[PDB]
Student: 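Dumping the structure here so I can ask a few things about it.
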Amino acid sequence: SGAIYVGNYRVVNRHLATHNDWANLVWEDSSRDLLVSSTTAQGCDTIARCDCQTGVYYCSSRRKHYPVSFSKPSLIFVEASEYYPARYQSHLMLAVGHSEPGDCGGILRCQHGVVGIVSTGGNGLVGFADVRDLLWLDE
Ligand SMILES: COc1ncccc1CC(=O)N1CCC[C@@H](C(N)=O)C1
Ligand SMILES: [Zn+2]
């Protein structure tokens, strides 16, 4: 689990979005595993606006943060789950590291701010859904 709170928005993994998230829907993209809902309180997370390929992510299954090198956002093939059939997930970044399903939502950060959230894993690779291109989260 995990979310990003920025301005009057809440960014979550689309597959973990709640009834409240869907009742206050702003934008969702199944191909990215992202959903943004509106909030009443003001969030103060800072979104990174950069091309960093190194950062640190929170891994709840180890209660630890790990430093990683990660690929630029791209279309990557992802195996089926109870939420999606096998498909290409877009805007995804991979790194070598540990993850388990419950780790989705963990934040990846660089020196500039939030980069994305854990969204996929398997075979010793962890994938992060990028949010740096969503310039509207700040306005
Ligand atoms: C962090 O996730 C994992 N890590 C290790 C093993 C397995 C996982 C689960 C995984 O990959 N998922 C979770 C359900 C949604 C799927 C998607 N985005 O298409 C991805
Ligand atoms: Zn950065």
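Starting from 1, each residue takes its place in the sequence as its number.
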Student: Identify whether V36 and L34 are in the same connected component of the hydrophobic contact network (ILVMFWY, side-chain heavy atoms under 4.5 Å).
Tutor: yes

Student: Checking side chain to side chain contact (heavy atoms under 4.5 Å, CB included) for the pair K64/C59: CA distance, chi angles, key distance, verdict?
Tutor: CA-CA 6 Å; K64 268 168 196 56; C59 174; 5.5 Å; no

Student: Are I107 and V6 grouped together when hydrophobic residues (ILVMFWY) are joined by side-chain heavy atoms under 4.5 angstrom apart?
Tutor: yes

Student: I'd like to know whether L108 forms a side chain to side chain contact (heavy atoms under 4.5 Å, CB included) with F70, so could you lay out the CA-CA distance, the side-chain angles of the two residues, the decisive distance to 0.1 Å, and finally the verdict.
Tutor: CA-CA 10 Å; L108 170 67; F70 52 92; 3.8 Å; yes

Student: Cluster partners of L125, using ILVMFWY side-chain heavy atoms under 4.5 angstrom, listed by chain and number?
Tutor: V96

Student: Evaluate the criterion side chain to side chain contact (heavy atoms under 4.5 Å, CB included) for residue pair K72 and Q53; output intermediate values, then yes/no.
Tutor: CA-CA 7 Å; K72 288 188 180 187; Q53 276 187 255; 3.5 Å; yes

Student: Specify whether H65 and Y58 have parallel, tilted or perpendicular ring planes, treating 30° as the upper limit for parallel and 60° as the lower limit for perpendicular.
Tutor: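 Geometry flag for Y58 against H65: tilted rings.
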
Student: Could you verify whether a donor N or O on one side chain and an acceptor N or O on the other, from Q89 and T120, lie under 3.5 Å apart?
Tutor: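 The answer is no; no qualifying pair exists.
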
Student: Would you check if there is a donor-acceptor pair between the side chains of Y57 and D103 at a distance under 3.5 Å?
Tutor: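 No.
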
Student: Determine, stepwise, if the pair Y9 / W136 fulfils ring-ring contact (aromatic ring centres under 6.0 Å, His included).
Tutor: CA-CA 10 Å; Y9 300 127; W136 54 267; 5.3 Å; yes

Student: Do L25 and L134 share a hydrophobic cluster, counting only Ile, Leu, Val, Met, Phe, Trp and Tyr and linking them when any side-chain heavy atoms are less than 4.5 Å apart?
Tutor: no

Student: Group every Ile, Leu, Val, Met, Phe, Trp and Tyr by side-chain heavy-atom contacts under 4.5 Å, then state whether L92 and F128 land in the same group.
Tutor: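 No; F128 is not reachable from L92 via cluster members.
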
Student: Please name all residues satisfying side-chain hydrogen bond (donor to acceptor under 3.5 Å, both in side chains) with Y83, sequence neighbours left out, ordered by chain then number.
Tutor: none

Student: Determine, using the 4.5 Å side-chain heavy-atom cutoff (strictly less than), whether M93 and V118 are members of one ILVMFWY cluster.
Tutor: yes

Student: Return the CG to CD distance between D33 and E28, rounded to the nearest 0.5 Å.
Tutor: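 So the CG of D33 and the CD of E28 are separated by 11.0 Å.
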
Student: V114 and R109: which non-hydrogen atoms are nearest, and at how many Å?
Tutor: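 Between these two residues, the closest heavy atoms are CG2-NH1, 3.6 Å.
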
